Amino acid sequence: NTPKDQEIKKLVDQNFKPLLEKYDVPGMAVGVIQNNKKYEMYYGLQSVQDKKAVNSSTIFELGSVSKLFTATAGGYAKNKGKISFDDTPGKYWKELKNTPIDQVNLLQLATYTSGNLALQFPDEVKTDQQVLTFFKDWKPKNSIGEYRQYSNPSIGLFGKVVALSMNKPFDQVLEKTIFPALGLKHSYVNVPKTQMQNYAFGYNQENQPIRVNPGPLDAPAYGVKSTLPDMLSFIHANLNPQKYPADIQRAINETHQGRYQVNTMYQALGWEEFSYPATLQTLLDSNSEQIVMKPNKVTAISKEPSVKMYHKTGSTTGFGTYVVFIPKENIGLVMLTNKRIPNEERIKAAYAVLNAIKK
C-alpha cells in the first residue's frame, strides 16, 4: 500500500475501470511495471458461471500479442545461426522449395510484405494438407516486399519455419525454450489440464463463455495464453534485456529493430515501434482500419528514432490484450480482458495512465 501502489490504483480506476461498464466486460487485469516493480490490478470474474474472480493466476488469451513471442522465437533462432532473415521458407519447409512463395524471404514473411497474404487464411483452409497446398499454390500479387498487409498466415509461416529450423514443433519452441528463457511460469500454447481451472472463459456479445478454436497456423499467429504476472515479466525483459542470458537477450533486442516505416509507425518484429514521446493520435493511427486491414506501401528507414516506444494490440473472439513499453522511462503496461473492447479504447486508457504517472 505504498504511495505508488495507491497512485497506480487510482490511475487504473480512473481510466480502465469505466470500460468494464461501458463494454459489459466481465473481467480484466491491468498491470504497470515501473522501476522494475510490478503493480497488478484485478477486476471482475474470470468465469461468470463459477463466480471465480480474476486474479494473478488467471490465464487469458493474448490473440495477436502472441506474434510478439513468435518474433522473439525468430530473433532467438536468428542469433543462434539457425536461420538468416534473408533465407526463404523452402530452405526449411522443403515441400515449398521451387514454388513462388520460396521467392519471399523470412523477414518479409515476419513483417507482412509478401504482397499476397491477407489478414486470415481462407475459411476453407483448415487441415495441415490444406495449409501446405495453400502455400504451394500461392502466387505473387503485389510487388514482393513493397506492401505491408497485416497477416496471420504470413507470420504464421514465419513461425513454422522458425520451428523447423529448431527441429521442434512451434508449441515446444515456446514452451520448452522461449518461455523458460524469459522466466515465464504460466504461459502456454496449450493450457495443461492442471491449469484449466485458471483459464478464463472469454465472453462474446451474448455473454456466452467461449475460447479460441483451432485454426491453421494458430499457434504462431494468435495462440498464446498467459497471466498478468507473466506478461509483466515479458515487459520487464523487453525493458531490461541486458539482465537476461545472451541467447534470449539478443532475441529480445532483435525484435526491437525497426525494419521499415509506414507513416509514423515503424514495423519491428512483432512489435510496432514509434518515436517517443509519441502523440496519442500516432498510437491510434497505428490501429486504424487503413493500417490494420489494407495494404500500405512501405518506406525504407532513413533514421530510426533514437528514443522509442513499442506496443501491440491482440484479440481473440473472447479476449482483448494490449501491451506497451517505453525503455527510456523504464515503464510498461499490460491490459487483459475476457471480452473484446475497441482497440482505440485500450490505447487511450493506457496513454492516460502512462502519461499521468509520476516518473
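One-based numbering along the sequence shown.
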Averaging the C-alpha temperature factors as deposited, the higher value of 229-237 versus 90-98 falls on 90-98
Comparing mean C-alpha B factor in the record for 77-85 and 149-157, the higher one is 77-85
Per the deposited B-factor column, the C-alpha that peaks among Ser66, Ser315, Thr299, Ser57 belongs to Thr299
Of the three thirds of Cα B-factor ranks in this chain, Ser306 occupies the highest
Tertile call for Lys136 (CA temperature factor, within chain, third-based) is the middle
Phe274: C-alpha B-factor third of its chain, per the entry, is the lowest
By the entry's values, the third containing the CA B factor of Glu329 is the highest
Chain-relative C-alpha B factor for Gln46 (record values, thirds): the middle
